[PDB]
Amino acid sequence: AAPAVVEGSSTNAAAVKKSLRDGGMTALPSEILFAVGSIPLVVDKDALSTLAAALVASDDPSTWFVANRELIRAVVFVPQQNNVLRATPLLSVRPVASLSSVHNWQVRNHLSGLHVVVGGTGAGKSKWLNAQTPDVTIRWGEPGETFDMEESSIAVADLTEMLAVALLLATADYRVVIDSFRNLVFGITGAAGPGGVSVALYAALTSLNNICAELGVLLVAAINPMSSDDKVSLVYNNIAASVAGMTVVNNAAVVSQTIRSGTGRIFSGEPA
Amino acid sequence: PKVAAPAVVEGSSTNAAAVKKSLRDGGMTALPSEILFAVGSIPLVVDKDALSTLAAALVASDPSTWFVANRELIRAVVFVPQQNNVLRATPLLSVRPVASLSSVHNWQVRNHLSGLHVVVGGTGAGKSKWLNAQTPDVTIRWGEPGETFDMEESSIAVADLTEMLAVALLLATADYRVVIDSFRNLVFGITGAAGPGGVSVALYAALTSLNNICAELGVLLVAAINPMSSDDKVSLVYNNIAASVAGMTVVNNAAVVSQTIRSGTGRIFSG
Amino acid sequence: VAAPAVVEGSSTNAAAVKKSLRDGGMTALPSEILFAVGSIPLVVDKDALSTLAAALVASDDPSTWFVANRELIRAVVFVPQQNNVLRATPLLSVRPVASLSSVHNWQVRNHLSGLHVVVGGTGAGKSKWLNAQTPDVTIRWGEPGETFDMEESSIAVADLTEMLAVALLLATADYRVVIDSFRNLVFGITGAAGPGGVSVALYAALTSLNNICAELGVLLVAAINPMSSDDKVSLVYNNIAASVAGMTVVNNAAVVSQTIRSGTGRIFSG
Amino acid sequence: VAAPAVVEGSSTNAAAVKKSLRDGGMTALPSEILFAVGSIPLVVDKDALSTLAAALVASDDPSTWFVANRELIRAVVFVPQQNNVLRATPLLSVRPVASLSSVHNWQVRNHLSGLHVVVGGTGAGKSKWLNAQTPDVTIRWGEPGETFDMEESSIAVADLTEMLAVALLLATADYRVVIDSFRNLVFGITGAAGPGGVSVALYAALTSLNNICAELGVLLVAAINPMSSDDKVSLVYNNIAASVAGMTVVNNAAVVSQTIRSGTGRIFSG
Amino acid sequence: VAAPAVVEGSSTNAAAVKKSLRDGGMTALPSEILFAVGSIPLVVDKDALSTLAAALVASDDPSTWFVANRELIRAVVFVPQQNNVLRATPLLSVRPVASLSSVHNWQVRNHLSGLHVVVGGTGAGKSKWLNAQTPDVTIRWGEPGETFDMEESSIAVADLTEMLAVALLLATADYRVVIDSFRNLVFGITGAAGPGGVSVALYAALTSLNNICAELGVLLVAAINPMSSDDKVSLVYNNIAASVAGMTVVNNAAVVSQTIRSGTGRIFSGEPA
Amino acid sequence: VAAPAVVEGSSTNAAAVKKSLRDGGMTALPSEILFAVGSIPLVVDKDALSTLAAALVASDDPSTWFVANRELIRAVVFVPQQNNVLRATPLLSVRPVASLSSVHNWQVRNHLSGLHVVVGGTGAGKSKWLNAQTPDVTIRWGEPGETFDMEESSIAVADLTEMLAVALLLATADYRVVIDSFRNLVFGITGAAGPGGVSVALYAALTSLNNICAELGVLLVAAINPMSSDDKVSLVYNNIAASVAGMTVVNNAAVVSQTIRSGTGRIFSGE
C-alpha cells in the first residue's frame, strides 16, 4: 500500500502504533527514518533493493522504469505522523562503511556515500560531470534545456522523487549524477555557520551521505552553496567534512578533490 | 465552457474523505489534468484541461473583451489548492525540467526554448521601453503604478500571482507574444534567506518553477524584473537569474547590455 | 450603508466562506476590491464610497460630518474578517489603471490619478511645504497633537482604515486632500529589507494604495519619511518614485526634485 | 466603577464580540478609547478616569489613596481581553488633538497637553534635573529600589497599565507628575530598527501615549534613555522630538536643549 | 503550604481564571506577587516563604532540610500555569521599594535590600573572590560539578524556580547567600540586543529580581558573566549597575570597581567615570 | 524495563499530568531525572540504566548486545512526551555534583565524573588523538561513514537519545567510551550567539550533559569542533572549558593544552 498522506494523530494510541508508512511512529525493520532540515523522510530499504533487482532483471530497463514510476516513488516518502521527529532529537543517520561496498568514481575504491561537485554559476559543474560519462543524470530544480530530451536525463519534481529515483538507479549499479542540489541549498535554512551557510545544510549532506553508505551506493550531486566570497574556503571545508567525497570545479576542470576511499582519505588540488 | 470553480473553503488534512478529493476540491489527489507546483512557499495548481478549453475559446473570440467576460472561469486555470498543508508530501517541490525541439519560439532568436525569458535592470534601465520596442501582442500589467500605457487595449491589468499566470498562460497558449510588466511583486513577495547581493535565494527557485511550468505547457513568457541587488553583487545576482530560466536580457538606457538564451540548438550568448 | 462584520469568519465552513467580504466571507461583491498592505488585508467598497461621498458633499462641512459619521465610514475601507482571507490571492497587488479623463491639478495640470508622496527626512519641512500648496483639508494621522490640529481644515484619524476612508471620501467629494502623514505605514509595514534598510513591502504597499486611488479616479497626497540609511537615500527615493504616480523631494520646505506621471508623459524637475 | 474582564473573549462568537471592550468584546462604549503601544492593545475609560480622579482630589493624600484603590484603578487603563482585538484597526494610532483650553505650566506657561520626555544617556542626571523642577509626585517604574522610594511623594508601579492609570489619575487631579522612567518601554517595545538601532515602534508608542494625554487634556513628564548607538544619538533625539509635545536634553543635571509644542507655536532653546 | 498546580489553566473559562495563581488561575492572593524574567512568568508566595524560612531557621540540619522539603519548596517560587498569564500586565516589572529598616552587611554595613551582582569574564576569578568574602552558603546553578560541590557549604539546584526559592529561603533565614551563578539567566533571557550586544531583557530581568528581593527585605549576591563584546564592556557594565542594588567588577579575583545603593546613598570605588 | 510512551500526553488533563515522565505525564518517578539540551527535554532513568548496564556487563560483547537490545535502551534516555513538559522548570540545568568516590583514570588518575571534551578545528586530528588513547569503544554519531566504522569497537548511533543511552550504558559497564562526535549538538543547539558566533545554549547543553554524567558517576569523552569565527577561538575554547569537567585542545593529533577538574583540584597544562 502507498504511504499515507492523511496527517496521523500524535495523541491517539491506535494512530501512533501504525508504521511510518501508515501515518504512525513505529518503524518497520525495512524503514529508515531520517531528516533533511525540519523535513522528516523515510527510505524503505527492502522495497528499494527489490525494485532495483527487478529493474536489472527486466527485458528492457527503460520500459520497466516508465511502467513502475509510482511504485518507485513510494520508496522515499515524508511520514505523515504529526510531530514525527519528537522521539528522535538531533536525528542523524548511523555512519557505516565497508570495504565490500566501494565504487569506481575518480578513484577505484570510493566509499559508499555522497560525492558532491561544488562551484559557482560559471564553474562548469555540468560540463565536467558530462565528461565523467555518467549513465544517468537526474534533473531537479534546474531550467529545462536540450539536455532534458536525452533518454539518459530523468526529470524529477520534489526531494522525495529525486531521492527515490537516484537511489533506485544507483542500487541497480548505474553511475548516477544529480543536477542538482540547488533546491536543498535554497530550502534547508536556519542558523548560519562561520561561513554564512546554514549549518542544517551540512547536517543534511551527512544524513544523505550516510543513507547512501547504508544502502551501499554512491550518489554524485552538483551543488553551489552560494557562500560569501570571503568565507568560501571555510564553507568548502565544512562540505568536505560532511560527505564521502567532494570535487571543486572551475572552468569545467578540477581545482581540488578529496575522497574517503577504502584505503584512506586523499586530497588533491590544482589552482585555477 | 464548462470549467469547475476551485474550492476556496480550506480542506482538512486529518480527515480521510477530505484528503481523497481532487486538488480543485480541497484535497490532495491530483486529477490527470492537475499539476501541483510551488513558487516560494505558495502552492499552485495549473489545470491543463481548463487551460486548453479556455485557450480555444480565447482563440475563437478579442482578448480584452474575452478576459472581462471570463474572469471567473480563469480561476480554474491557475489556483492555490486549499487543502491544509498541501505541500506536506512534496518537500522542496520544483517542476520537472522538460524541453522539446517541437516547442520552440521566435523571441530574440528563432528557436528560443519554452520557458521564461526575463528582462533585467534597475529603476532607470528602461525595461518597459525596450520591451515595447520588441512589439509584443499583449502586455500584462502587474504590481506597477498606473500609467498612460494602461489605457491601451493591448494592456491587460491583473491583481495577484494566480490571475497573472492564468492570463499569461492563456494568451501564450492562444499564440500571443505576451510580456509581463512586471515581476516586481515576485521580487518583493518571495522572501527568505538572502544569498549574494541581499537577494532571497528562494527567488531563483521561484523563477525556475515558473520557467518549468511554461516549458511543460510548451509556451514562452517574457517578464521584466528588477531583483534589487546591492551594487557590489549585481553581476553575481544576474548570473544566478540566468542560471534559473530559459533566457535573460540585461537592459540599460532601453538597450541590450547582454543576452543569454537556451535555444533548440544550444546556449546563445551576446554582449 | 451597513457596517462590515467584525466577528472572525470561519475559513472551513462553506456557508461562512460563500458570504461577501463585508460579511466575513471570501466572495467579493461587484462593489468590493480586495487588496493588501503588508500582511493586512483591506477592502474598499465603491458603492459605500460614492453614496457617502454624496452625503459629505451635501453637508458642505467635512469636520462636523466626519465626527458624526465615524461609524458609517467603516463601510468604505475595512479589514475583511474572513480567516486567512488572502489565501486564494498570493502576491496580491492592485490592477494598474490610468485614464486621460481622470487627471488632477496638482503641481502640473494633468497629474494622473494615484498617490503623490512628499519625501524628506526629519526636519525637511514636508508639512510646511504642503501647507504652502494651500490644500483644502489635511488629514492628521500618527503625528503628535499641535496648534495646527485646532484648525477646522485639519481632520484627525486613528487607524489605517479610517485614514484611507476619510481621504478617499474627501478626494471623491473634490477636495485637495493632504495626509500628514504616512509615518505609521513606514513604521508598521516591515519585513525583508531592500537597499537603505527599507522594507520592500513598503514599496508594494505604496503601489497598492496608488492603484486603488487610480481605480477610483482620485489623487491623494501624503508626507512620508522612509528613514533610509544615509548612504542609500538616492536609491530609496528612486524605489519610491517607481512605486507611485508622483513624488516630490523636499528640503528646508523647498522642492529639491519632483517627478510626476502625467496624462502627457513622465515629468521630471530639479 | 467595576473591574475589567480578564477571561479571554471569543473573536468567533457574535454574542462575545458585541460586548464592550471592558467585558471582553470589540464594541467600544462611548467612554472607551482603544489604542496600542507596540503590539499591546490598551483601553482608557474616560468615565472611570473622571470618577476616580474626583475621589483622588477629595482625599488630598495620593500615597494612601493609591494603596487603598489599587483594584479600582484597573478600570482606568487596561488590556482589553477580546481575542485579536486590534484586527479591525490596523496601524492604530491616537487622533491628534490640541486645545488652547488645555495648556500647562511646564517649562513654558502654555505647554500643550501631551507627553514631555526628558532624554539623556548614562550619568546625564535626568532624575536630578527633574527633582529640581519640583514635581508633586514621581511615579517609579522599572527601576531598582533606591532611598528615593521611601519618600511619600514616590509612588511605585509594576506594569504599563498601572503606570499609565496612576499617571493619568494624578495629572487629571492637577498634580505635576514625573515618571521615572520609560526604561521598560525602551526595552519592551521591539521590532524593526531605524537609525541608531532604536525600534521605530518606540516612536509610534511615544506618539500614541502623547496623543492619549492630549485627548484627556493632561501633561505627563517622563525620563527616557532610548540607548541609541553613539553615531546616531542626534538622529534618534530628532525622531523623539518629532513624536511628542515636548523634549528636554539634559547633561550634568542642566538643560542642553529643549523643544516644546506650545499654545502659541513651537518653541526651541539651544 | 502545598506544591502549585502543574496542569495548564484555561484562559477562556471564567471558573478557571477566578482561581489563585498557584491553582492555575489569574487572581493573585494577597500573598502572591506575579513578575517575569523575559517571557517566563513567576510568582513568589510570601506566606510559603515566611512559613518555610521559619522552619529552616528552626532546623537542626539545614542540608537535610532542603532535600526533605523539596516538594513544599515548589510553593515558594513557581511558574503560574494559567494560559497567557501575563496578558493583563504588559511590560511587567516589580514595584521599586527601599527601607532603612531592611539593610545588610555586605561590602558596606548598610547595603539596601535587592540583588548584588559580581561581574567579570571567563577566568575573572568571580568564584575565588566570592569565596574570600566568606559567605555562609553558595547556591550552585548551571555550573559543572567541582570539588567545591563536596567540600564547601553549598546547595545544588536545577532550574530557575528552585534557585530563586532556595536563595530567598536562605536569605530570609539570615544566611549570607551567594549564587554561583546566573549563567543560565544570561544564556536563557534573549531578545532584542542593546547597543552592547546583550539582550535588554536581561537588564529588565535583573531589575525584576532585584525588586522582588527588595520587597522581601533580603539581599542576594550572584555571579554573572554577560558575555559582552570586548568593545562595549563598559556600556554593558553600566547598564547592569543601573539595574540592581549593587555591582562588583572582578578581575584576577580582585575588585576592579564597586557601586552600591546604601541606606545613606551611593557608595562606590574604582569607578572610571 | 518497558518502552517510554511516544503518544503525546495532554497538559490540560489532570489524569494525564499525574502519570510518570515515561508514561507521558509530569510526575517524575524516584528513578527519573528530567533535564534539557537546548529546547529538547530529556529524561534519564537510573533503574533502567543499572538494570540494562548489568545485562551488558554479563554479555561481554557490546556490539551484539546493543543490536539485540536496541528497543529496551529507549527506556534509559528518552524525550518525555508530555506536552510542554518543561513548563514548570524554566532554564533547567542539572544539579552540579562531585565525589572523591567517583573519579576516573583519563589523562590523570583522578579525573572527576562528567564530560571531557576534545576540541580542535578541521584537520586538528581529534579522532586520531582519541584513537591513540586506546579507548574500549567509540560511539559514532553525526559524522560521514569512514573506514573506521568497519571496526567491531565502533558503535554507530542515529539520534541524541540513542547516543547518550549507549554512552551511559557503556560507561556504567566500565568501558572507556569516546564519542565521535558532538558535531550534531553544535549544529542543532541554536539560539542567541555569544562571541565567535557560537550559540550560548551550546555551553549550557555541555554543562547539562556534564552534570548528568557526574550524577551517574561516569566519565564520557567527546570530540567537538564548535566552529567559532577565527578571531574568537581562544574565547570559545575558554567558555567550553568553563562548562565541563575537562578539555583537551588538539592540533596535528597532539595535545597543545589540557585542563581538568580532578579530585585534588584543577589541573592545567600551563602547570
# chains A, B, ... in the order shown; residues from 1 in each chain; ligands from 1
call {"tool": "interface_residues", "arguments": {"of": "chain D", "to": "chain C", "cutoff": "9 Å", "atoms": "only C-alpha atoms", "output": "PDB file with N, CA and C atoms, in the first residue's frame"}}
result
ATOM      1  N   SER D  11     -13.319  35.672  19.596  1.00  0.00           N
ATOM      2  CA  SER D  11     -13.442  36.539  18.426  1.00  0.00           C
ATOM      3  C   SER D  11     -14.343  35.901  17.358  1.00  0.00           C
ATOM      4  N   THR D  12     -14.877  34.689  17.620  1.00  0.00           N
ATOM      5  CA  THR D  12     -15.700  33.992  16.593  1.00  0.00           C
ATOM      6  C   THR D  12     -17.161  33.870  16.992  1.00  0.00           C
ATOM      7  N   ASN D  13     -17.500  34.317  18.195  1.00  0.00           N
ATOM      8  CA  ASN D  13     -18.837  34.223  18.755  1.00  0.00           C
ATOM      9  C   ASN D  13     -19.457  35.627  18.733  1.00  0.00           C
ATOM     10  N   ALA D  14     -20.572  35.798  17.998  1.00  0.00           N
ATOM     11  CA  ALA D  14     -21.235  37.094  17.853  1.00  0.00           C
ATOM     12  C   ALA D  14     -21.596  37.737  19.210  1.00  0.00           C
ATOM     13  N   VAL D  17     -18.378  39.111  20.895  1.00  0.00           N
ATOM     14  CA  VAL D  17     -17.811  40.239  20.154  1.00  0.00           C
ATOM     15  C   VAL D  17     -18.668  41.517  20.366  1.00  0.00           C
ATOM     16  N   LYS D  18     -19.982  41.369  20.548  1.00  0.00           N
ATOM     17  CA  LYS D  18     -20.876  42.524  20.754  1.00  0.00           C
ATOM     18  C   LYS D  18     -20.659  43.231  22.100  1.00  0.00           C
ATOM     19  N   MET D  26     -15.618  43.640  21.391  1.00  0.00           N
ATOM     20  CA  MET D  26     -14.999  44.612  20.467  1.00  0.00           C
ATOM     21  C   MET D  26     -15.711  45.934  20.433  1.00  0.00           C
ATOM     22  N   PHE D  35      -6.418  51.998  21.935  1.00  0.00           N
ATOM     23  CA  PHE D  35      -5.148  52.413  21.329  1.00  0.00           C
ATOM     24  C   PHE D  35      -4.145  51.305  21.495  1.00  0.00           C
ATOM     25  N   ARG D  87      -7.720  43.603  15.334  1.00  0.00           N
ATOM     26  CA  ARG D  87      -7.924  43.130  13.951  1.00  0.00           C
ATOM     27  C   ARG D  87      -8.688  44.102  13.016  1.00  0.00           C
ATOM     28  N   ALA D  88      -9.564  44.983  13.547  1.00  0.00           N
ATOM     29  CA  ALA D  88     -10.351  45.898  12.704  1.00  0.00           C
ATOM     30  C   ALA D  88      -9.662  47.265  12.599  1.00  0.00           C
ATOM     31  N   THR D  89      -8.541  47.450  13.323  1.00  0.00           N
ATOM     32  CA  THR D  89      -7.852  48.749  13.403  1.00  0.00           C
ATOM     33  C   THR D  89      -6.356  48.568  13.167  1.00  0.00           C
ATOM     34  N   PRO D  90      -5.963  48.273  11.922  1.00  0.00           N
ATOM     35  CA  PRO D  90      -4.531  48.099  11.631  1.00  0.00           C
ATOM     36  C   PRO D  90      -3.802  49.426  11.758  1.00  0.00           C
ATOM     37  N   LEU D  91      -2.519  49.370  12.216  1.00  0.00           N
ATOM     38  CA  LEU D  91      -1.642  50.557  12.367  1.00  0.00           C
ATOM     39  C   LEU D  91      -2.362  51.641  13.175  1.00  0.00           C
ATOM     40  N   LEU D  92      -2.932  51.216  14.315  1.00  0.00           N
ATOM     41  CA  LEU D  92      -3.728  52.116  15.141  1.00  0.00           C
ATOM     42  C   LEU D  92      -2.856  53.098  15.909  1.00  0.00           C
ATOM     43  N   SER D  93      -3.111  54.372  15.663  1.00  0.00           N
ATOM     44  CA  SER D  93      -2.511  55.479  16.416  1.00  0.00           C
ATOM     45  C   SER D  93      -3.642  56.085  17.246  1.00  0.00           C
ATOM     46  N   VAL D  94      -3.468  57.321  17.755  1.00  0.00           N
ATOM     47  CA  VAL D  94      -4.491  58.034  18.531  1.00  0.00           C
ATOM     48  C   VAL D  94      -4.709  59.373  17.834  1.00  0.00           C
ATOM     49  N   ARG D  95      -5.972  59.761  17.621  1.00  0.00           N
ATOM     50  CA  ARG D  95      -6.293  61.003  16.882  1.00  0.00           C
ATOM     51  C   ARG D  95      -5.540  62.199  17.478  1.00  0.00           C
ATOM     52  N   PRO D  96      -4.745  62.934  16.684  1.00  0.00           N
ATOM     53  CA  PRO D  96      -4.048  64.102  17.235  1.00  0.00           C
ATOM     54  C   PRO D  96      -5.034  65.215  17.579  1.00  0.00           C
ATOM     55  N   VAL D  97      -4.884  65.799  18.781  1.00  0.00           N
ATOM     56  CA  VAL D  97      -5.777  66.910  19.185  1.00  0.00           C
ATOM     57  C   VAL D  97      -4.962  67.962  19.936  1.00  0.00           C
ATOM     58  N   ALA D  98      -5.481  69.201  19.946  1.00  0.00           N
ATOM     59  CA  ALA D  98      -4.867  70.258  20.747  1.00  0.00           C
ATOM     60  C   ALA D  98      -5.921  71.258  21.063  1.00  0.00           C
ATOM     61  N   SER D  99      -5.816  71.876  22.225  1.00  0.00           N
ATOM     62  CA  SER D  99      -6.767  72.906  22.618  1.00  0.00           C
ATOM     63  C   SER D  99      -6.057  73.960  23.405  1.00  0.00           C
ATOM     64  N   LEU D 100      -6.401  75.211  23.125  1.00  0.00           N
ATOM     65  CA  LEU D 100      -5.880  76.366  23.862  1.00  0.00           C
ATOM     66  C   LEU D 100      -6.479  76.375  25.268  1.00  0.00           C
ATOM     67  N   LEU D 112       1.433  72.488  25.432  1.00  0.00           N
ATOM     68  CA  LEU D 112       0.223  71.753  25.072  1.00  0.00           C
ATOM     69  C   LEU D 112       0.100  70.468  25.897  1.00  0.00           C
ATOM     70  N   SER D 113      -1.127  69.960  26.039  1.00  0.00           N
ATOM     71  CA  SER D 113      -1.356  68.650  26.607  1.00  0.00           C
ATOM     72  C   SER D 113      -0.639  67.594  25.734  1.00  0.00           C
ATOM     73  N   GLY D 114      -0.164  66.538  26.379  1.00  0.00           N
ATOM     74  CA  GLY D 114       0.620  65.515  25.707  1.00  0.00           C
ATOM     75  C   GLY D 114       1.649  64.939  26.650  1.00  0.00           C
ATOM     76  N   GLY D 191      11.081  45.574  17.547  1.00  0.00           N
ATOM     77  CA  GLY D 191      10.718  45.452  16.143  1.00  0.00           C
ATOM     78  C   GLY D 191      11.796  46.022  15.283  1.00  0.00           C
ATOM     79  N   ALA D 192      11.477  46.181  13.975  1.00  0.00           N
ATOM     80  CA  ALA D 192      12.414  46.736  13.007  1.00  0.00           C
ATOM     81  C   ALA D 192      13.019  47.993  13.529  1.00  0.00           C
ATOM     82  N   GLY D 194      15.276  51.466  13.313  1.00  0.00           N
ATOM     83  CA  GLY D 194      15.562  52.582  12.443  1.00  0.00           C
ATOM     84  C   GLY D 194      17.005  52.924  12.706  1.00  0.00           C
ATOM     85  N   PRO D 195      17.361  54.201  12.546  1.00  0.00           N
ATOM     86  CA  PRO D 195      18.731  54.624  12.857  1.00  0.00           C
ATOM     87  C   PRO D 195      19.079  54.487  14.341  1.00  0.00           C
ATOM     88  N   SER D 199      14.172  50.775  17.842  1.00  0.00           N
ATOM     89  CA  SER D 199      12.974  50.279  17.175  1.00  0.00           C
ATOM     90  C   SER D 199      12.060  51.457  16.800  1.00  0.00           C
ATOM     91  N   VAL D 200      11.613  51.490  15.538  1.00  0.00           N
ATOM     92  CA  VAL D 200      10.723  52.605  15.129  1.00  0.00           C
ATOM     93  C   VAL D 200       9.377  52.521  15.839  1.00  0.00           C
ATOM     94  N   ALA D 201       8.985  51.317  16.313  1.00  0.00           N
ATOM     95  CA  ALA D 201       7.752  51.161  17.091  1.00  0.00           C
ATOM     96  C   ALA D 201       7.813  52.018  18.390  1.00  0.00           C
ATOM     97  N   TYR D 203       8.934  55.103  18.589  1.00  0.00           N
ATOM     98  CA  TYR D 203       8.444  56.448  18.205  1.00  0.00           C
ATOM     99  C   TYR D 203       6.934  56.453  18.097  1.00  0.00           C
ATOM    100  N   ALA D 204       6.362  55.413  17.463  1.00  0.00           N
ATOM    101  CA  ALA D 204       4.899  55.322  17.352  1.00  0.00           C
ATOM    102  C   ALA D 204       4.276  55.212  18.749  1.00  0.00           C
ATOM    103  N   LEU D 206       5.449  56.405  21.600  1.00  0.00           N
ATOM    104  CA  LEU D 206       5.520  57.714  22.247  1.00  0.00           C
ATOM    105  C   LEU D 206       4.420  58.634  21.685  1.00  0.00           C
ATOM    106  N   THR D 207       4.169  58.586  20.364  1.00  0.00           N
ATOM    107  CA  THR D 207       3.100  59.433  19.800  1.00  0.00           C
ATOM    108  C   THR D 207       1.729  58.967  20.323  1.00  0.00           C
ATOM    109  N   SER D 208       1.508  57.661  20.402  1.00  0.00           N
ATOM    110  CA  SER D 208       0.218  57.150  20.933  1.00  0.00           C
ATOM    111  C   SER D 208       0.005  57.640  22.386  1.00  0.00           C
ATOM    112  N   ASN D 210       1.510  60.198  23.838  1.00  0.00           N
ATOM    113  CA  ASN D 210       1.339  61.634  23.767  1.00  0.00           C
ATOM    114  C   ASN D 210      -0.114  62.032  23.448  1.00  0.00           C
ATOM    115  N   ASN D 211      -0.688  61.385  22.428  1.00  0.00           N
ATOM    116  CA  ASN D 211      -2.000  61.798  21.942  1.00  0.00           C
ATOM    117  C   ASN D 211      -3.123  61.363  22.899  1.00  0.00           C
ATOM    118  N   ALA D 214      -3.046  64.150  25.286  1.00  0.00           N
ATOM    119  CA  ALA D 214      -3.641  65.338  24.668  1.00  0.00           C
ATOM    120  C   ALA D 214      -5.179  65.233  24.663  1.00  0.00           C
ATOM    121  N   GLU D 215      -5.719  64.056  24.331  1.00  0.00           N
ATOM    122  CA  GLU D 215      -7.184  63.848  24.307  1.00  0.00           C
ATOM    123  C   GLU D 215      -7.798  64.072  25.698  1.00  0.00           C
ATOM    124  N   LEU D 235      20.160  61.891  15.563  1.00  0.00           N
ATOM    125  CA  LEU D 235      19.022  61.476  14.738  1.00  0.00           C
ATOM    126  C   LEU D 235      17.914  60.873  15.598  1.00  0.00           C
ATOM    127  N   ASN D 238      16.161  63.658  17.426  1.00  0.00           N
ATOM    128  CA  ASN D 238      15.263  64.352  16.477  1.00  0.00           C
ATOM    129  C   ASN D 238      13.962  63.553  16.281  1.00  0.00           C
ATOM    130  N   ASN D 239      14.064  62.207  16.152  1.00  0.00           N
ATOM    131  CA  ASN D 239      12.886  61.354  15.953  1.00  0.00           C
ATOM    132  C   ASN D 239      11.999  61.369  17.187  1.00  0.00           C
ATOM    133  N   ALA D 242      10.159  64.700  17.269  1.00  0.00           N
ATOM    134  CA  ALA D 242       9.107  64.687  16.233  1.00  0.00           C
ATOM    135  C   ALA D 242       7.881  63.851  16.677  1.00  0.00           C
ATOM    136  N   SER D 243       7.987  63.123  17.780  1.00  0.00           N
ATOM    137  CA  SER D 243       6.915  62.199  18.214  1.00  0.00           C
ATOM    138  C   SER D 243       6.066  62.698  19.372  1.00  0.00           C
ATOM    139  N   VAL D 244       6.499  63.735  20.082  1.00  0.00           N
ATOM    140  CA  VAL D 244       5.824  64.121  21.319  1.00  0.00           C
ATOM    141  C   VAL D 244       5.627  65.642  21.422  1.00  0.00           C
ATOM    142  N   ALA D 245       4.903  66.080  22.491  1.00  0.00           N
ATOM    143  CA  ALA D 245       4.608  67.510  22.705  1.00  0.00           C
ATOM    144  C   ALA D 245       5.859  68.282  23.126  1.00  0.00           C
ATOM    145  N   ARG D 261       5.965  72.066  21.933  1.00  0.00           N
ATOM    146  CA  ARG D 261       4.772  72.436  21.179  1.00  0.00           C
ATOM    147  C   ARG D 261       3.888  73.192  22.170  1.00  0.00           C
ATOM    148  N   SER D 262       3.801  74.519  22.020  1.00  0.00           N
ATOM    149  CA  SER D 262       3.033  75.354  22.941  1.00  0.00           C
ATOM    150  C   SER D 262       1.738  75.860  22.265  1.00  0.00           C
ATOM    151  N   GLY D 263       0.839  76.446  23.061  1.00  0.00           N
ATOM    152  CA  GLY D 263      -0.409  77.020  22.560  1.00  0.00           C
ATOM    153  C   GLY D 263      -0.178  78.121  21.537  1.00  0.00           C
ATOM    154  N   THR D 264       1.036  78.728  21.533  1.00  0.00           N
ATOM    155  CA  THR D 264       1.383  79.810  20.603  1.00  0.00           C
ATOM    156  C   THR D 264       2.434  79.378  19.552  1.00  0.00           C
ATOM    157  N   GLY D 265       2.627  78.069  19.369  1.00  0.00           N
ATOM    158  CA  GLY D 265       3.558  77.534  18.378  1.00  0.00           C
ATOM    159  C   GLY D 265       4.727  76.759  18.975  1.00  0.00           C
ATOM    160  N   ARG D 266       5.630  76.279  18.106  1.00  0.00           N
ATOM    161  CA  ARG D 266       6.806  75.524  18.530  1.00  0.00           C
ATOM    162  C   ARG D 266       7.868  76.453  19.105  1.00  0.00           C
TER     163      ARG D 266
END
call {"tool": "interface_residues", "arguments": {"of": "chain F", "to": "chain A", "cutoff": "9 Å", "atoms": "only C-alpha atoms", "output": "ChimeraX atom specification"}}
result
/F:6-10,40,78-81,122,140-150,155-162,183-191,196-198,227-230
call {"tool": "select_by_dssp", "arguments": {"residues": "range 34-116 of chain D", "states": "strand (DSSP E)", "output": "PyMOL selection string"}}
result
chain D and resi 34-37+40-45+77-78+103-106+108-112+114-116
call {"tool": "select_by_dssp", "arguments": {"residues": "range 136-261 of chain B", "states": "alpha helix (DSSP H)", "output": "number ranges by chain"}}
result
B: 161-173, 184-189, 201-216, 234-242
call {"tool": "residues_around", "arguments": {"residues": "residue 37 in chain B", "least_positions_apart": "6", "cutoff": "12 Å", "atoms": "only C-alpha atoms", "output": "ChimeraX atom specification"}}
result
/A:141,157-158 /B:23,30,43-47,78-81,86-87,89-96,205-206,208-214,216
call {"tool": "residues_around", "arguments": {"residues": "residue 165 in chain A", "least_positions_apart": "3", "cutoff": "10 Å", "atoms": "only C-alpha atoms", "output": "PyMOL selection string"}}
result
chain A and resi 48+65+69+72-73+75-76+138+154-156+160-162+168-171+176
call {"tool": "atom_distance", "arguments": {"atom1": "CA of residue 159 in chain B", "atom2": "CA of residue 34 in chain C"}}
result
9.4 Å
call {"tool": "residues_around", "arguments": {"residues": "residue 26 in chain B", "least_positions_apart": "5", "cutoff": "10 Å", "atoms": "only C-alpha atoms", "output": "PyMOL selection string"}}
result
chain B and resi 6-13+18-21+80-84+86
call {"tool": "interface_residues", "arguments": {"of": "chain E", "to": "chain D", "cutoff": "6 Å", "atoms": "only C-alpha atoms", "output": "list in words"}}
result
residues 11, 12, 88, 89, 90, 91, 92, 93, 94, 95, 96, 97, 98, 195, 200, 207, 243 and 244 of chain E
call {"tool": "write_last_selection", "arguments": {"atoms": "C-alpha atoms", "output": "JSON list (two decimals), in the first residue's frame"}}
result
[["chain", "number", "residue", "atom", "x", "y", "z"],
["E", 11, "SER", "CA", -7.75, 31.39, 29.94],
["E", 12, "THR", "CA", -11.26, 31.18, 28.36],
["E", 88, "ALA", "CA", -3.31, 41.74, 31.70],
["E", 89, "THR", "CA", 0.15, 43.07, 32.77],
["E", 90, "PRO", "CA", 2.16, 44.14, 29.73],
["E", 91, "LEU", "CA", 5.80, 45.26, 30.37],
["E", 92, "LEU", "CA", 5.55, 43.87, 33.90],
["E", 93, "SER", "CA", 8.33, 44.92, 36.25],
["E", 94, "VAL", "CA", 8.30, 44.84, 40.10],
["E", 95, "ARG", "CA", 7.37, 47.88, 42.25],
["E", 96, "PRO", "CA", 10.63, 49.56, 43.39],
["E", 97, "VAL", "CA", 10.86, 49.76, 47.24],
["E", 98, "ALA", "CA", 13.58, 50.58, 49.82],
["E", 195, "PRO", "CA", 23.95, 48.84, 21.84],
["E", 200, "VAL", "CA", 17.97, 44.28, 27.08],
["E", 207, "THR", "CA", 15.70, 44.76, 37.97],
["E", 243, "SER", "CA", 19.56, 47.67, 37.07],
["E", 244, "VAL", "CA", 20.43, 46.46, 40.59]]
call {"tool": "residues_around", "arguments": {"residues": "range 24-26 of chain E", "least_positions_apart": "4", "cutoff": "7 Å", "atoms": "only C-alpha atoms", "output": "ChimeraX atom specification"}}
result
/E:5,8-9,16-20,80-82,85
call {"tool": "interface_residues", "arguments": {"of": "chain A", "to": "chain B", "cutoff": "8 Å", "atoms": "only C-alpha atoms", "output": "PyMOL selection string"}}
result
chain A and resi 5-9+39+77-78+80+121+139-149+155-160+183-184+186-187+189+226-228
call {"tool": "atom_distance", "arguments": {"atom1": "CA of residue 119 in chain F", "atom2": "CA of residue 232 in chain F"}}
result
14.1 Å
